[PDB]
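The chain below stands alone and is given as structure tokens, in the form deposited in one PDB entry.
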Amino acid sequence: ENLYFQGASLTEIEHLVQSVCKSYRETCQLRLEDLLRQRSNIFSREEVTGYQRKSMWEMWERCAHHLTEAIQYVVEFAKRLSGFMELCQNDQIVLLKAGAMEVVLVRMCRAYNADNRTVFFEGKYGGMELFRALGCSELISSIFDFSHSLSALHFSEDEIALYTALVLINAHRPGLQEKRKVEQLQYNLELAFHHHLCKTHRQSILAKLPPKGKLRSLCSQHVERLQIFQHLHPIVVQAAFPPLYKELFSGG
């Protein structure tokens, strides 16, 4: 079926590095240089107050839509990732249901400016105060701190490519039918990320990477806050939340 479902040689692991990095460049949504250049474009006091005065449901709908836009690029990344399409449809759905949000949160660090603690949202950079109308402050500050700790690692685009590939191909996700096939794909992607870090003298970041439970805590926080919003405005979720967002975070 696929070469990376078996034990790969050094040269094949080298091909995998290049393959993962190509897949990511083609699906990274926004180019890094565009995000970096736009760092000077920050929302004014007036604009921040405008977002803060928006109704809770209005802000929830905008954030869910933007998050769905990013997730779509992650689905495209998985489709182009070596071996993912060779897995069964059950296992592809399992991996994306559990990992799409985690990949988006990793990818988000590119759009985060550590210097002034701002994130890129709807054309400009804004601090966490911009999201106050959502009424989920703990979760917003948890995403900002996570973006901050990743930003401190000074990830290259190639590093994000290889790390996110590994975030997606997790053989420990509950519900995987072909666990051994996934285990082997993960082991080769692991070798590819660690080979690239070795080749770029970047192995010092391995101990500095966040624990797996941290990304899981952020996804659990997001699902818990959505359920709270759902009880308050159920028809907002039912009529105006994107169908892909509902399929991943509420259950269809």
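Shifts are known only where both forms have a C-alpha. Residue indices: 1-based, along the sequence shown. For the two forms, the rigid core is made up of the largest set of C-alpha atoms that agree within 1.5 Å on superposition.
Separately, the form deposited in another entry exists; it is not shown, and the next lines address it.
- Once the cores line up, the CA of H233 ends up 2 angstroms or more apart between the shown form and the other one.
- Whereas the displayed form keeps them at a certain spacing, the CA atoms of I235 and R62 lie at least 3 angstroms closer in that other deposited form.
- Shown here is a form in which the CA atoms of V236 and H66 lie at least 3 Å farther apart than they do in that other deposited form.
- Superposition on the rigid core leaves 226 to 241 as the sole run of at least three consecutive shared residues whose Cα positions differ by 2 Å or more between the shown form and the other one.
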